[PDB]
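Structure record follows, encoded as structure tokens.
Lettering follows sequence order; numbering is per chain, from 1. Excluded from the calculations below are hydrogen atoms, water molecules and symmetry mates; all remaining heavy atoms, backbone and side chain alike, are included.
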Amino acid sequence: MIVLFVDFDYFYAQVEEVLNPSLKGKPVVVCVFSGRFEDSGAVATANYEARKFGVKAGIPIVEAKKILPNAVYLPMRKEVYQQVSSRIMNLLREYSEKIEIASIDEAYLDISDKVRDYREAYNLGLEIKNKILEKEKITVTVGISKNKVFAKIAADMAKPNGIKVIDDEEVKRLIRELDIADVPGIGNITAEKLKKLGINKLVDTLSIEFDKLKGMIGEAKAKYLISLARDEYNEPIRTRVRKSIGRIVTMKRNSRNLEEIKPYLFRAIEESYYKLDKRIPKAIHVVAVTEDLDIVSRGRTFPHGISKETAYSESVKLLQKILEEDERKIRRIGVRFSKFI
DNA sequence: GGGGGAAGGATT
DNA sequence: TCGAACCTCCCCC
Ligand SMILES: Nc1nc2c(ncn2[C@H]2CC[C@@H](COP(=O)(O)OP(=O)(O)OP(=O)(O)O)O2)c(=O)[nH]1
Ligand SMILES: [Ca+2]
Ligand SMILES: [Mg+2]
Ligand SMILES: [Mg+2]
Ligand SMILES: [Mg+2]
């Protein structure tokens, strides 16, 4: 199987560049402003000029300003990036009917039936990169290998504006040499649990007792890591369908007062319903983020589709339930809809 | 013993 | 310090 993975470079910042070319060369920082104090919020993403100095996704806007006070700070315009993303995914469908759109800026293509070897795959990669640069003026990084996981790892190694092939021999080498923390799906918490069991490379999972591994990271992740270490990772490129849509907002101040939280909850429902564009959900979950950033949630599944009015009344009942069963103050409140018809 | 669904956790 | 979207206790057969 030959997999071709496409990851758009610094997507949100790059789209703003394409819409305002004078931004080119300048550190551009796309932010999510919450509405809680002057410059409260986080950096969603930044281009390379900004990342060179430490400004990256996740840090508070206030800290980014201390590092680069003269960078260009722009508010997130997700809807614009989503439209530009949908046009690039439509361009990728031309290269394969087996395509997996993993997020707004990532897609895997199974190109086994389009190329014979990695030399032909590498050329197809240049061709896709040229086609996207030509049509939308967006640079992307291409990763190629024998499965989705190594294709992504290749793209992580080659970004930005790159193209890399990790052949069978390199896959075998990485299984021995790659820090296991760089394997997709292994975040800080799992990486630390694995540094504790001694595991630091994929090959180390083959020699540890399975129940010891399973007991620490769970059955699916143990099986996943082992399958990769055995060079037996088999996951087909599958068409992905949006399974849930929702919106969670931060309130001006933390609260437990139902009538005070209500307008935020209702706005989240309004925004969520606009986004559902023709999908009718059968399940709704009210999601609260407590003052100490924990996530509490209550939901309900109906045997029928949920009308906006049923979403309004059921959400209050679910919010009341959250207030009843949890004593902490709520900071963020929202809703999530799923189980579409 | 193990489906299957609700809620919490981890990841990106 | 923001925020959108697969895996890990209990009812029930
Ligand atoms: N709002 C928000 N978005 C994030 C954060 N981290 C990443 N993102 C955005 C950037 C695009 C998208 C995909 O994220 P990935 O972590 O795969 O990173 P990436 O591909 O390097 O992102 P980019 O294209 O911006 O570099 O999610 C974050 O902390 N907050
Ligand atoms: Ca990207
Ligand atoms: Mg990405
Ligand atoms: Mg990037
Ligand atoms: Mg990691």
Side-chain angles (χ1 to χ4, degrees), chain A residues 5 7-8 11-12 29-46 55-66 73 75-76 78-79 81-82 85 101-106 148-149 152-153 155-156 181-194 214-225 235 238 240-251 254 268 271-272 275-276 279 281-303 318 321-322 325-326 331-340:
Chain A
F5 175 69
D7 186 310
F8 318 158
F11 204 43
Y12 304 171
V29 188
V30 173
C31 318
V32 178
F33 294 99
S34 54
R36 296 207 109 180
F37 65 82
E38 198 182 288
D39 285 340
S40 61
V43 163
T45 185
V55 180
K56 53 178 194 154
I59 77 174
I61 300 170
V62 167
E63 292 304 309
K65 279 180 179 186
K66 286 182 198 172
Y73 287 87
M76 265 243 284
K78 188 75 160 301
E79 340 62 45
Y81 317 136
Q82 180 50 76
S85 171
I101 299 172
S103 77
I104 190 174
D105 75 324
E106 295 184 12
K148 283 190 283 170
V149 169
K152 174 157 190 62
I153 288 170
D156 296 335
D182 293 351
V183 167
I186 305 298
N188 306 118
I189 287 163
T190 302
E192 179 53 53
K193 283 156 157 180
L194 293 161
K214 172 187 174 182
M216 201 102 286
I217 66 173
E219 194 177 43
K221 228 134 181 145
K223 283 185 208 294
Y224 168 67
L225 283 190
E235 280 312 287
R238 28 178 99 261
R240 265 201 251 182
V241 180
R242 223 137 91 207
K243 289 210 178 105
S244 87
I245 281 131
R247 172 66 165 125
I248 301 183
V249 298
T250 299
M251 302 193 274
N254 289 356
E271 279 166 43
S272 290
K275 285 205 278 172
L276 280 160
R279 291 167 293 220
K282 297 197 296 296
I284 168 174
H285 288 259
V286 159
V287 181
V289 180
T290 60
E291 51 203 320
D292 33 311
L293 309 195
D294 253 20
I295 283 158
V296 191
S297 104
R298 299 290 185 273
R300 172 140 181 232
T301 293
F302 294 80
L318 293 167
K321 191 155 155 182
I322 290 170
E325 301 174 40
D326 208 275
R331 178 191 170 111
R332 308 183 64 227
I333 188 67
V335 284
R336 193 116 212 109
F337 293 90
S338 64
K339 300 193 189 181
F340 304 142

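Proximity of A:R298 to the phosphate of B:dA6: no side-chain N or O atom is located under 4.0 Å from OP1 or OP2. Phosphate contact (OP1/OP2 of C:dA5, side-chain N/O of A:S244, threshold under 4.0 Å): absent. Listed pair A:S103 / C:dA5 fails the phosphate criterion, with no side-chain N or O lying under 4.0 Å from OP1 or OP2. Of the side-chain N and O atoms in A:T301, one or more sit less than 4.0 angstrom from OP1 or OP2 of B:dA6. Here A:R332 reaches the OP1 or OP2 of C:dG3: one of its side-chain N or O atoms lies under 4.0 Å away. OP1 or OP2 of B:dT12 has not a single side-chain nitrogen or oxygen of A:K56 nearer than 4.0 Å.
Between the CD1 atom of A:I295 and the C1' atom of C:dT1 there is a distance of 14 Å, rounded to whole Å. Rounded to whole Å, atom P of B:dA10 lies 10 Å from atom NZ of A:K221. Note: CG (A:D105) to P (C:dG3) measures 19 Å, nearest angstrom. Separating the CD1 atom of A:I186 from the P atom of B:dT11 is a distance of 8 Å, rounded to the nearest angstrom. Here B:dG5 presents its P atom at 11 Å from NZ of A:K282, a figure rounded to the nearest Å. Look at CD1 on A:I61: it is 8 Å from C1' on C:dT1, rounded to the nearest Å. At whole-Å resolution of the value, NZ in A:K148 and P in B:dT12 are 14 Å apart. We find that CZ of A:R331 is positioned 7 Å from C1' of C:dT1, with the value rounded to whole Å.
The only member of A:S244, A:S297, A:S272 that meets side chain to side chain donor-acceptor pair (under 3.5 Å) when paired with A:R336 is A:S244.
If you check B:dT11, C:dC7, C:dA5 against the side chain of A:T190, the one that comes closest is B:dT11. Checked against B:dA7, C:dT8, C:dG3, the side chain of A:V32 finds its nearest nucleotide in C:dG3. For A:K243, whose side chain is taken as the heavy atoms from C-beta onward, the closest listed nucleotide among C:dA5, C:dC6, B:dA7 is C:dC6. Comparing C:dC2, C:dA5, C:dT8 by their nearest atom to the side chain of A:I245 picks out C:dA5. Closest to the side chain of A:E219, out of B:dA7, C:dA5, C:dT8, is C:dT8. The listed nucleotides are B:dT12, B:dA7, C:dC2; the one nearest the side chain of A:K321 is B:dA7. Nearest to the side-chain atoms of A:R247 among the listed nucleotides C:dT1, C:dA5, C:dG3 stands C:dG3.
Nucleotide B:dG8 is annotated as unpaired relative to C:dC10 [Watson-Crick or G-U wobble, both distances under 3.5 Å].
Ring geometry for A:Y81 against A:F11 counts as perpendicular: the plane angle is over 60°, on a 0 to 90° scale with 30° as the lower cut.
Both cation-pi conditions hold for A:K65 and A:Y73: the charged atom is under 6.0 angstrom from the six-membered ring centre and inside a 45 degree cone around its axis.
Along DNA chain C, the nucleotide nearest A:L293 and the nucleotide nearest A:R240 are compared for position; the residue whose nucleotide lies closer to the 5' end is A:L293.
The environment of A:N188 atom CG is sparse: at most 12 non-hydrogen atoms of other residues, nucleotides or ligands sit within 6.0 angstrom.
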Quiz item: Does the pair A:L293 and A:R331 meet the rule for a side-chain contact (heavy atoms from CB on, under 4.5 Å), with working shown?
Solution: CA-CA 8 Å; A:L293 309 195; A:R331 178 191 170 111; 4.0 Å; yes

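Nucleotide B:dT12: paired with C:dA4 (Watson-Crick or G-U wobble, both distances less than 3.5 Å).
Of all heavy-atom pairs between A:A46 and A:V55, the closest is CB-O, 3.6 Å.
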